[PDB]
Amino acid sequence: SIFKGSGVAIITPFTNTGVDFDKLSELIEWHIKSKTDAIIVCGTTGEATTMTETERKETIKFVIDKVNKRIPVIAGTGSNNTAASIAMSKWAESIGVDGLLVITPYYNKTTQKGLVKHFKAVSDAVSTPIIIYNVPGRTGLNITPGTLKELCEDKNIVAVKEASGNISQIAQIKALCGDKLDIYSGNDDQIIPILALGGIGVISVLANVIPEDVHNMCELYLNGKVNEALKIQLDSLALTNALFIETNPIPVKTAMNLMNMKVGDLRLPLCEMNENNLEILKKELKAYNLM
């Protein structure tokens, strides 16, 4: 496995002109102390879409060099243009990332036949483990269990981050791909049911604010302490759903700032929460002892 347990999809802290490197360094050290199992850098939660190429590269290399082999670092390097996914993947490989988080194409989309060629062209280009990221609610596109079955034979493709939110489809991947594909939950509110079907962890938004809970929930579940794990899941559910009340990472960045972490403003087209949803977030942060 690239890692087991809690891999945080870390926000990118912005100053008003670029990236807050010192704040990022603080977050990285906090994650390592708090027992986060891995860092996913410049995923969707990290707003990679509104970062320039230079910012994405500086940011990914910074996380890699700061962590310095202490825990695994995974970079989001996929895009909806296959040539660009190739170039970025080779580049993060070349500077020592331990894994690649590679989203399906989105918006342009393609067929199941094109998904196979897409991911084979990216994988062929590198020698670094790859995690396929499926998130149909964002991309308009669903990579099926059959397409995944065909891809899991690839040498670098070892895992999927599964954010379809469709548990029947999760069971199908596991039954079909067996021990040739690790499953990571792509939704925090679904850690328990996914680890229960044989998943080995989560790439997590909620770990941004409670890394201990997300790590222990996985560790407990994987160790056979399924009830102790279930209770963390149920107790944090209302907070977790509050973090999805508006497009992520709007709520999780909002929350970090309410918890005095000073992580800056979102970049357009993301923006400040509306007032009613802000109040629902705060209520859940206070009930969970976070402010």
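When you see a residue number, it is the position in the sequence shown, counting from 1.
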Of 142 to 150 and 190 to 198, the stretch whose C-alpha atoms average the higher B-factor in the entry: 142 to 150
Between 5 to 13 and 268 to 276 (mean CA B-factor, as deposited), the higher: 268 to 276
Most elevated Cα B-factor in the entry, residues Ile40, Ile28, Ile232, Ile250: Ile232
Given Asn227, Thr36, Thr254, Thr49, the residue at which the Cα B factor reaches its maximum: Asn227
Record-listed C-alpha B factor of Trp91: chain third: lowest
Third of the chain's Cα B-factor distribution that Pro129 belongs to, per the entry: lowest
Chain third (lowest, middle, highest) by recorded CA B-factor, residue given as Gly178: highest
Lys66 - Cα temperature factor, lowest/middle/highest third of chain: middle
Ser185 CA temperature factor, ranked by third within the chain: middle
